[PDB]
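Below: one structure, written as structure tokens.
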Amino acid sequence: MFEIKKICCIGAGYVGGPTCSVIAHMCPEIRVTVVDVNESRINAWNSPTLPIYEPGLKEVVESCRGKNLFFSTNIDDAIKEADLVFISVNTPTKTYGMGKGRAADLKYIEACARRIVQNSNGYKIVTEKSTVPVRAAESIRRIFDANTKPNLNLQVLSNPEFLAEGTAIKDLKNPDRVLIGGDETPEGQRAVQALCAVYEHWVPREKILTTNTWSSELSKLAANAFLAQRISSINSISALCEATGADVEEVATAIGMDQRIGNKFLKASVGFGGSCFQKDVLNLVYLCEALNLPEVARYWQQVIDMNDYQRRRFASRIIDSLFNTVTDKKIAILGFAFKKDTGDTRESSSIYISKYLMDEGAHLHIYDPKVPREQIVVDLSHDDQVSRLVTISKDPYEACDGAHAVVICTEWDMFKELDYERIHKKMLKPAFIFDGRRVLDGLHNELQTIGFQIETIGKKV
Amino acid sequence: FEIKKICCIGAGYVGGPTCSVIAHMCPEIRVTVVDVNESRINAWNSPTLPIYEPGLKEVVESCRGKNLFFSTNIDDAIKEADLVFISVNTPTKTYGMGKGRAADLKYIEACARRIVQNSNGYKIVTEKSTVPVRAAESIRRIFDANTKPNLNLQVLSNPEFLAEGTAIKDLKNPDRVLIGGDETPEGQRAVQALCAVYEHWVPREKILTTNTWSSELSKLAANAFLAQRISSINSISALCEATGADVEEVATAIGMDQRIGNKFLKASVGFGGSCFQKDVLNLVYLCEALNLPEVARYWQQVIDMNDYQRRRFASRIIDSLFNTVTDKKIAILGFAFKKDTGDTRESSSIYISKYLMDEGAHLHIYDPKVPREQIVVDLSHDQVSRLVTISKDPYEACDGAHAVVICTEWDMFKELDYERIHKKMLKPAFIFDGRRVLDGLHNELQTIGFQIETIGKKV
Amino acid sequence: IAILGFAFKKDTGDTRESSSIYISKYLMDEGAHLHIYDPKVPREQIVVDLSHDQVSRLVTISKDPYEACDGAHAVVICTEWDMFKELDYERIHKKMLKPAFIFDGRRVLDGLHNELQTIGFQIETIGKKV
Ligand SMILES: [Cl-]
Ligand SMILES: [Cl-]
Ligand SMILES: [Cl-]
């Protein structure tokens with residue numbers, strides 16, 4: 001029945017922006033308007049240089065920007081005209097109050113819901129695109145009901161993202177699945193098929209999944225938690241490997257060849273990072289506590305504790321190997337991003353490893369090929390201590406000059422290609438390499454005969 | 002170096018089927034399966050085999066007499082062998098340090114001492130059974146301590162991965178073959194020797210070589226990762242019942258993520274079997290012994306969540322029946338730990354029943370495949392006599408019952424005449440679906456008059 | 331398993347709160363076949379100190401030390417008897433199962449370690465790294 005002709009997206013983040021640009025690119029007949037209260041982002045989207053970098057995004061936008069793709073600060077008007085309204089604002093973790101540091105703050109979502117109902121009349125479909133806590137759509141439905149008007153029929157849907165930061169465009173153009181949640185009612189089912197129809201322009205019907213609203217909200221959280229659990233599980237095994245003589249990469253491979261388990265996300269590390277994994281797992285844990293499910297809450301909490309353990313354990317090995325004193329010792333930190341090929345440092349294991357070593361009074365020389373200098377200084381403050394202990398190196402070799410140890414915290418490919426023959430000559434002895442990402446796997450016998458003592462995650466010393 | 006004669010110690014469901022298959026794909030190799038129990042051997046030489054596996058009878062009959070032999074003459078079979086499979090089961094300790102969690106290596110130790118006594122020259126000794134880590138070190142130590150001139154015993158790890166029920170198919174086309182050996186010149190030779198045997202019918206891409214400790218550890222972790230998947234989706238199921246979400250919907254959405262996959266994501270009253278809990282508990286103990294308490298309590302969560310899932314399910318029944326079940330008739334449908342088997346080992350039905358028995362319920366149990374006497378055994382320590396009745400058919404069990412409890416996903420339960428059952432059930436009549444087998448039938452059952460509750464669905 | 335010495339200290343028949351009792355009892359909880367020898371302690375006293389059935393299956397009482405080490409996996413010394421130091425350990429080793437262990441709980445074989453090792457024993461004792 002109802003066809004969606006005009007689409008409004010509230011929020012030009014790395015979620016709402018690319019998703020709608022892709023929609024506009026594969027649905028030339030639909031007018032998609034991306035809006036945001038931040039005047040900074042909108043003008044950037046209208047620039048030859050976009051505010052976020054994704055491969056193939058630059059092409060997608062420019063193909064449509066002006067025809068059926070628009071970026072504006074005019075939020076009110078884009079809502080009035082829209083058949084479908086995407087809510088795509090971030091839900092930051094609460095920094096105070098009931099649920100501090102775990103629970104999601106719904107303030108931006110609540111504001112958007114109140115902003116929508118005020119600026120809209122008639123029939124409109126309201127779909128939450130951002131990662132939200134469960135029963136959030138109940139909150140949106142309740143605001144609409146409390147603020148009803150004659151001839152106002154607002155439908156609330158859930159359609160969460162599943163795009164990996166780095167392969168956004170590919171993930172959107174060829175998704176594993178599209179998830180849509182809606183009320184188990186006639187009105188809701190029509191609204192679902194309206195959105196369902198939009199994605200059918202370029203997504204096969206086999207790969208479009210429809211659930212109720214709560215199943216959809218919960219699926220996004222659980223999916224990220226399952227992923228995080230996989231990493232923490234192989235990481236726990238890594239510690240058991242160091243104690244037995246077993247090897248975690250060998251074990252991971254053997255496990256991953258079981259089709260029922262698969263071989264993705266089984267690479268042990270110093271610990272997972274990113275703006276989603278810990279945040280969503282912690283949000284899940286809080287949710288369970290609030291719903292009197294303490295057994296479930298502490299089940300998933302183990303994913304976080306294990307990741308904290310992995311990091312602390314790694315730092316302690318360094319300190320122990322350096323005779324439990326690191327005071328005034330030069331230490332090279334190679335790699336600061338939470339994963340390779342990005343400048344994002346959010347929840348990076350590099351931050352914590354560094355901070356542990358700073359609490360020992362180490363002289364850290366940090367190098368990262370992509371991460372901006374000012375970001376590192378910010379991520380290590382609350388100040389004075391950063392001034393005393395942290396030096397930021399322009400090149401890897403400048404950082405390993407007179408160092409006691411080389412610590413690799415990000416799996417950058419370039420670190421593998423270093424002249425370790427050169428590095429060793431100007432390191433203090435005994436010289437240590439701690440590989441927290443298994444990037445120097447296969448080079449061990451080389452490095453040892455050069456004179457390095459080399460230790461890594463999931464391999465007995 | 003080529004392997005010509007193979008001796009396997011232990012004719013269990015591990016060594017038996019594995020060696021019969023090897024003989025079928027390696028006509029040049031003389032495979033001799035031995036066991037100290039004369040009972041087992043004659044069964045293997047009989048038209049009726051001691052264990053049932055699809056296509057096993059065929060594979061065996063192809064080789065039995067030509068290059069496949071079952072004998073009680075262990076000493077001679079060891080003497081002749083280039084490769085010796087140790088394939089005896091390693092039972093959980095029932096007392097002492099590590100009771101109820103740690104593996105007992107007594108049968109493995111006996112085999113190791115028996116080998117070295119009856120062997121000379123070069124031999125490869127391979128552990129086939131699920132063993133605790135560093136077990137091969139124990140075997141190596143017996144060999145080293147009991148050495149002879151010109152004795153070169155090589156120790157390998159080659160664990161099984163066959164699901165009891167489709168063994169032969171799993172063997173003919175395995176996901177991977179795992180071989181662990183010492184990282185030494187002599188050790189690598191023994192590995193490539195065994196590697197060569199499997200190359201007769203297994204592509205080299207699906208043969209993985211690791212050191213001995215990685216191999217032992219991989220078998221435990223693999224089962225644990227699997228068990229964790231079930232416990233994770235089960236934990237989600239409890240969160241679904243509290244939110245209005247539905248666990249079958251969520252499982253589907255998760256499973257479509259290629260990085261996660263959609264296998265082992267079906268919520269249940271709890272997993273069972275002779276491998277999952279045993280291996281996870283063995284893993285946890287290992288971590289404790291090695292001063293890894295963080296890892297130990299991480300994996301323990303898989304067991305606690307499974308225990309929680311069962312207890313949670315039982316409590317819902319009791320609450321729904323007004324927290325009194327004394328002298329109430331309750332039908333228990335399905336006793337096996339999974340559908341299409343008579344195996345009751347660690348079956349969730351056992352615990353659910355036991356919880357309900359501790360409430361003084363009158364349980365009428367039905368299972369289409371599971372033998373009557375097995376149920377009586379699995380429910381003892389007197390209590391069984393007073394409370395447990397075993398029904399020949401489902402309707403005999405639901406005649407005058409307050410509730411119908413489904414604990415095994417048997418396909419036949421989906422097709423029952425619930426109209427008939429309801430008329431002779433006491434009211435209010437309850438159905439507790441612990442396996443999601445009645446998914447899609449809910450609106451039907453409700454209009455009949457049933458209150459129906461299931462795993463991972465708000466009431 | 332051979333248990334050498336049952337008294338709480340050497341040169342007495344007193345077994346009251348003897349460490350031999352607990353060591354033996356721990357090993358009994360593992361289902362071991364204990365062969366216990368003590369030159370002075372009366373037979374009936376050992377049986378009493380190891381009761382509350390369990391004793392019958394697992395406890396054998398040797399008249400001489402060598403009856404206890406004949407086919408044993410390990411020798412455990414729980415009392416600092418002077419005589420244990422003077423044993424023919426070359427003989428003991430020949431009829432022990434391998435690997436053969438000596439656990440010295442009283443440091444009585446201090447100075448004999450290199451001898452016992454070259455004979456073929458694995459020897460462990462209180463307060464010395466293995
Ligand atoms: Cl400081
Ligand atoms: Cl024999
Ligand atoms: Cl006992």
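Protein chains in written order, with PDB author numbering: chain C, 1 to 382, 388 to 466; chain A, 2 to 382, 389 to 466; chain B, 331 to 382, 389 to 466.
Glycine included, each C-beta is placed from N, C-alpha and C at the ideal position.
Proximity test, residue 425 of chain B beta-carbon vs ligand 3 heavy atom, cut-off 7 Å: no
Interface flag, residue 97 of chain A vs chain B, CB-CB below 8 Å: yes
beta-carbon residue 76 of chain A near ligand 2 non-hydrogen atom, thresh 7 Å: Indeed, a heavy atom of ligand 2 lies less than 7 Å from the Cβ.
Short Cβ contact (8 Å threshold) for residue 180 of chain A with residue 140 of chain A: no
Nonlocal neighbours in the same chain, by C-beta distance under 6 Å from residue 6 of chain A, ignoring five residues either side: 31, 81, 82, 83
Residue 383 of chain A and residue 375 of chain A closer than 8 Å at C-beta: Note on chain A: numbering goes from 382 to 389 directly, and residue 383 of chain A within that interval has no coordinates.
Proximity test, residue 361 of chain B beta-carbon vs ligand 3 heavy atom, cut-off 7 Å: yes
Backbone CA spacing between residue 20 of chain A and residue 34 of chain A [nearest angstrom]: Their Cα atoms are separated by approximately 7 Å.
Chain A within 8 Å of residue 259 of chain C, Cβ atoms only: yes
Contact set between residue 298 of chain A and chain B, taken where Cβ atoms lie within less than 9 Å: Neighbours of residue 298 of chain A on chain B: none; closest Cβ ~25 Å, over 9 Å.
Cβ contact (3+ pairs, closer than 8 Å) linking the region 256–272 of chain A and the region 298–318 of chain A: yes
Residue 219 of chain C versus A/216, A/218, A/234, A/229, residue with shortest Cα-Cα distance: A/234
Chain-ordered chain B contacts of residue 142 of chain A [CB-CB under 8 Å]: 435
Integer-rounded CB distance, given that residue 422 of chain C should sit under 8 Å from residue 455 of chain C: That pair is no contact at about 15 Å.
Where residue 147 of chain A meets chain B, residues with beta-carbon distance less than 7 Å: 434
Unbroken alpha helix (DSSP H) run spanning residue 391 of chain B, endpoints: 390–394
Any C-beta of chain C under 8 Å from that of residue 281 of chain A: no
Beta-carbon contacts of residue 401 of chain B that lie in its chain and below 7 Å, excluding the five residues immediately before and after: Once the five neighbours on either side are set aside, the close Cβ partners of residue 401 of chain B are 334, 367, 423.
Opposing strand residues paired with residue 153 of chain C [DSSP bridges]: For residue 153 of chain C, the beta-bridge partners assigned by DSSP are C/123.
Per DSSP, the bridge partner or partners of residue 410 of chain A: In DSSP, residue 410 of chain A forms a bridge with A/331, A/437.
Residue-level contact to chain C via CB, residue 135 of chain A, 8 Å cutoff: Proximity of residue 135 of chain A to chain C, defined by a Cβ-Cβ separation below 8 Å, is satisfied.
Stretch pair the region 409–417 of chain B + the region 336–346 of chain B: three plus CB contacts closer than 8 Å: By the Cβ rule, the region 409–417 of chain B counts as touching the region 336–346 of chain B, because three or more pairs are nearer than 8 Å.
Pairwise C-alpha distance: residue 404 of chain C and residue 102 of chain C: 36 Å
Rounded C-alpha distance that separates residue 159 of chain C from residue 125 of chain C: Each residue's Cα considered, the two are about 12 Å apart.
Integer-rounded CB distance, given that residue 176 of chain C should sit under 8 Å from residue 258 of chain A: 6 Å
Length of the line joining the Cα atoms of residue 189 of chain C and residue 183 of chain C: 7 Å
Residue burial classification, residue 118 of chain C (beta-carbon count within 10 angstroms, cutoff 16): exposed
Any non-hydrogen atom of ligand 3 within 7 Å of residue 309 of chain A CB: no
Proximal residues to residue 360 of chain C (C-beta, below 8 Å), its chain only, five neighbours per side dropped: 319, 325, 326, 327
Closer than 8 Å to chain A by CB, residue 407 of chain B: Closer than 8 Å: no.
Environment of residue 373 of chain A [buried if 16+ CB atoms lie within 10 Å]: The residue in question, residue 373 of chain A, is exposed, as its Cβ has fewer than 16 Cβ neighbours within 10 Å.
Backbone CA spacing between residue 441 of chain A and residue 451 of chain C [nearest angstrom]: Inter-residue distance for residue 441 of chain A and residue 451 of chain C is about 57 Å (C-alpha atoms, whole angstroms).
Near-chain A residues of the region 341–371 of chain B - C-beta to any C-beta below 8 Å: 359, 360, 361
Beta-carbon neighbours of residue 214 of chain C, restricted to chain A and to distances below 7 Å: 244, 245, 246
Contact test: residue 96 of chain A Cβ vs ligand 3 heavy atom, cutoff 7 Å: yes
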